[PDB]
Amino acid sequence: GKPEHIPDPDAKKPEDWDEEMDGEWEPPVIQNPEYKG
C-alpha cells in the first residue's frame with residue numbers, strides 16, 4: 001500500500017548547498033501519515 005516513510009517534495013536543495021563538494025542533494029522524509037504496508 002505505502003512504505004514505512006514517505007519522501008519530502010517541499011524541501012529543496014539548500015540555498016547554501018555545495019554541489020561541487022557533495023554532488024547530489026537528497027531530500028528528507030516524513031513519518032508516513034498512513035503506513036499500512
# chains A, B, ... in the order shown; residues from 1 in each chain; ligands from 1

call {"tool": "select_by_dssp", "arguments": {"residues": "chain A", "states": "alpha helix (DSSP H)", "output": "list in words"}}
result
residues 19, 20, 21 and 22 of chain A

call {"tool": "write_last_selection", "arguments": {"atoms": "C-alpha atoms", "output": "PDB file, in the first residue's frame"}}
result
ATOM      1  CA  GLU A  19      27.010  20.901  -5.441  1.00  0.00           C
ATOM      2  CA  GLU A  20      30.743  20.873  -6.326  1.00  0.00           C
ATOM      3  CA  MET A  21      31.574  19.381  -2.856  1.00  0.00           C
ATOM      4  CA  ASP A  22      28.727  16.926  -2.233  1.00  0.00           C
TER       5      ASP A  22
END

call {"tool": "residues_around", "arguments": {"residues": "region 30-34 of chain A", "least_positions_apart": "2", "cutoff": "10 Å", "atoms": "only C-alpha atoms", "output": "count of residues only"}}
result
12

call {"tool": "residues_around", "arguments": {"residues": "region 23-26 of chain A", "least_positions_apart": "3", "cutoff": "9 Å", "atoms": "only C-alpha atoms", "output": "list in words"}}
result
residues 12, 13, 14, 17, 18, 19 and 20 of chain A

call {"tool": "select_by_dssp", "arguments": {"residues": "chain A", "states": "strand (DSSP E)", "output": "list in words"}}
result
residues 5, 6, 7, 29, 30 and 31 of chain A

call {"tool": "write_last_selection", "arguments": {"atoms": "N, CA and C atoms", "output": "PDB file, in the first residue's frame"}}
result
ATOM      1  N   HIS A   5       7.970   5.106   5.494  1.00  0.00           N
ATOM      2  CA  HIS A   5       8.164   6.551   5.473  1.00  0.00           C
ATOM      3  C   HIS A   5       7.921   7.045   4.052  1.00  0.00           C
ATOM      4  N   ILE A   6       7.606   8.327   3.921  1.00  0.00           N
ATOM      5  CA  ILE A   6       7.219   8.990   2.679  1.00  0.00           C
ATOM      6  C   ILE A   6       8.250  10.102   2.452  1.00  0.00           C
ATOM      7  N   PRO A   7       8.594  10.474   1.210  1.00  0.00           N
ATOM      8  CA  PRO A   7       9.639  11.458   0.986  1.00  0.00           C
ATOM      9  C   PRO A   7       9.107  12.884   1.126  1.00  0.00           C
ATOM     10  N   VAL A  29      12.578  13.103   4.553  1.00  0.00           N
ATOM     11  CA  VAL A  29      11.379  12.315   4.518  1.00  0.00           C
ATOM     12  C   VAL A  29      10.390  12.865   5.542  1.00  0.00           C
ATOM     13  N   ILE A  30       9.232  12.228   5.633  1.00  0.00           N
ATOM     14  CA  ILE A  30       8.189  12.487   6.588  1.00  0.00           C
ATOM     15  C   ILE A  30       7.822  11.130   7.189  1.00  0.00           C
ATOM     16  N   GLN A  31       7.386  11.138   8.445  1.00  0.00           N
ATOM     17  CA  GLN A  31       6.706   9.994   9.030  1.00  0.00           C
ATOM     18  C   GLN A  31       5.438   9.778   8.195  1.00  0.00           C
TER      19      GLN A  31
END

call {"tool": "decode", "arguments": {"residues": "region 1-35 of chain A", "atoms": "N, CA, C and O atoms", "output": "CSV table (one decimal), in the first residue's frame"}}
result
chain,number,residue,atom,x,y,z
A,1,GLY,N,0.8,-1.2,0.0
A,1,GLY,CA,0.0,0.0,0.0
A,1,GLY,C,0.8,1.2,0.0
A,1,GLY,O,0.8,2.0,-1.0
A,2,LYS,N,1.6,1.5,1.1
A,2,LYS,CA,2.6,2.6,1.1
A,2,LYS,C,3.8,2.1,2.0
A,2,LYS,O,3.5,1.2,2.8
A,3,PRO,N,5.0,2.7,1.9
A,3,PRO,CA,6.1,2.3,2.7
A,3,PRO,C,6.1,2.8,4.1
A,3,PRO,O,5.1,3.5,4.5
A,4,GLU,N,7.1,2.5,4.9
A,4,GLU,CA,7.2,2.9,6.3
A,4,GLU,C,7.2,4.5,6.4
A,4,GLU,O,6.6,5.0,7.3
A,5,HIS,N,8.0,5.1,5.5
A,5,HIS,CA,8.2,6.6,5.5
A,5,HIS,C,7.9,7.0,4.1
A,5,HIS,O,8.0,6.3,3.1
A,6,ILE,N,7.6,8.3,3.9
A,6,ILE,CA,7.2,9.0,2.7
A,6,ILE,C,8.3,10.1,2.5
A,6,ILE,O,8.8,10.6,3.4
A,7,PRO,N,8.6,10.5,1.2
A,7,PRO,CA,9.6,11.5,1.0
A,7,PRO,C,9.1,12.9,1.1
A,7,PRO,O,7.9,13.1,1.2
A,8,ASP,N,10.0,13.8,1.1
A,8,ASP,CA,9.7,15.3,1.2
A,8,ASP,C,9.9,16.0,-0.1
A,8,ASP,O,11.0,16.1,-0.6
A,9,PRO,N,8.8,16.4,-0.8
A,9,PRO,CA,8.9,17.2,-2.0
A,9,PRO,C,9.0,18.7,-1.8
A,9,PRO,O,9.3,19.4,-2.7
A,10,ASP,N,8.7,19.1,-0.6
A,10,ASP,CA,8.6,20.5,-0.2
A,10,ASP,C,9.9,21.1,0.3
A,10,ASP,O,10.2,22.3,0.2
A,11,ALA,N,10.8,20.2,0.8
A,11,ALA,CA,12.2,20.5,0.9
A,11,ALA,C,12.8,20.8,-0.4
A,11,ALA,O,12.4,20.3,-1.5
A,12,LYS,N,13.9,21.6,-0.4
A,12,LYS,CA,14.7,21.8,-1.6
A,12,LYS,C,16.2,21.8,-1.3
A,12,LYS,O,16.6,21.9,-0.1
A,13,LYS,N,17.0,21.5,-2.4
A,13,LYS,CA,18.4,21.9,-2.4
A,13,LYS,C,18.7,23.1,-1.5
A,13,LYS,O,18.1,24.1,-1.8
A,14,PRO,N,19.6,23.0,-0.5
A,14,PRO,CA,19.8,24.2,0.4
A,14,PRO,C,20.2,25.4,-0.4
A,14,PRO,O,21.0,25.3,-1.4
A,15,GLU,N,19.8,26.6,0.0
A,15,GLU,CA,20.2,27.9,-0.5
A,15,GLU,C,21.7,28.1,-0.4
A,15,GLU,O,22.2,29.0,-1.0
A,16,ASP,N,22.3,27.3,0.4
A,16,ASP,CA,23.8,27.4,0.8
A,16,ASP,C,24.5,26.1,0.5
A,16,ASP,O,25.5,25.8,1.0
A,17,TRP,N,23.8,25.2,-0.3
A,17,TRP,CA,24.4,23.9,-0.8
A,17,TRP,C,25.7,24.1,-1.5
A,17,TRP,O,25.9,25.1,-2.2
A,18,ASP,N,26.5,23.0,-1.6
A,18,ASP,CA,27.8,23.0,-2.3
A,18,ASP,C,27.7,21.8,-3.3
A,18,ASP,O,28.2,20.7,-3.0
A,19,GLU,N,27.1,22.0,-4.4
A,19,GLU,CA,27.0,20.9,-5.4
A,19,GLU,C,28.4,20.4,-5.9
A,19,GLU,O,28.5,19.2,-6.2
A,20,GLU,N,29.4,21.3,-5.9
A,20,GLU,CA,30.7,20.9,-6.3
A,20,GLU,C,31.5,20.1,-5.2
A,20,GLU,O,32.5,19.4,-5.5
A,21,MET,N,31.0,20.1,-4.0
A,21,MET,CA,31.6,19.4,-2.9
A,21,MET,C,30.8,18.1,-2.7
A,21,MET,O,31.5,17.0,-2.5
A,22,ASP,N,29.5,18.1,-2.7
A,22,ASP,CA,28.7,16.9,-2.2
A,22,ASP,C,28.0,16.3,-3.4
A,22,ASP,O,27.6,15.1,-3.3
A,23,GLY,N,27.9,16.9,-4.5
A,23,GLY,CA,27.1,16.4,-5.7
A,23,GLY,C,25.6,16.4,-5.4
A,23,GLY,O,25.1,17.5,-5.1
A,24,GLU,N,25.0,15.3,-5.6
A,24,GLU,CA,23.6,15.0,-5.5
A,24,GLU,C,23.1,15.4,-4.1
A,24,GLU,O,23.5,14.9,-3.1
A,25,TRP,N,22.2,16.4,-4.0
A,25,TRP,CA,21.4,16.6,-2.9
A,25,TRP,C,20.3,15.5,-2.9
A,25,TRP,O,19.9,15.0,-3.9
A,26,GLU,N,19.8,15.1,-1.7
A,26,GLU,CA,18.7,14.2,-1.5
A,26,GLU,C,17.8,14.9,-0.4
A,26,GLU,O,18.3,15.4,0.6
A,27,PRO,N,16.5,14.9,-0.6
A,27,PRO,CA,15.6,15.5,0.4
A,27,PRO,C,15.5,14.6,1.7
A,27,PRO,O,15.8,13.4,1.7
A,28,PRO,N,14.9,15.2,2.8
A,28,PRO,CA,14.4,14.5,3.9
A,28,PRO,C,13.2,13.7,3.5
A,28,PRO,O,12.8,13.5,2.4
A,29,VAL,N,12.6,13.1,4.6
A,29,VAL,CA,11.4,12.3,4.5
A,29,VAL,C,10.4,12.9,5.5
A,29,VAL,O,10.7,13.8,6.3
A,30,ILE,N,9.2,12.2,5.6
A,30,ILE,CA,8.2,12.5,6.6
A,30,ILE,C,7.8,11.1,7.2
A,30,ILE,O,7.9,10.1,6.5
A,31,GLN,N,7.4,11.1,8.4
A,31,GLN,CA,6.7,10.0,9.0
A,31,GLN,C,5.4,9.8,8.2
A,31,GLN,O,4.7,10.7,7.9
A,32,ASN,N,5.2,8.5,7.8
A,32,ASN,CA,4.0,8.3,6.9
A,32,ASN,C,2.7,8.5,7.6
A,32,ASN,O,2.5,7.7,8.6
A,33,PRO,N,1.8,9.4,7.2
A,33,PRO,CA,0.6,9.6,7.9
A,33,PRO,C,-0.4,8.4,7.9
A,33,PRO,O,-1.2,8.3,8.8
A,34,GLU,N,-0.2,7.4,7.0
A,34,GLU,CA,-0.9,6.2,6.9
A,34,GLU,C,0.0,5.1,6.3
A,34,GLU,O,-0.2,4.5,5.2
A,35,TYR,N,1.1,4.8,7.1
A,35,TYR,CA,1.8,3.5,6.9
A,35,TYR,C,0.8,2.4,7.2
A,35,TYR,O,0.4,2.3,8.4
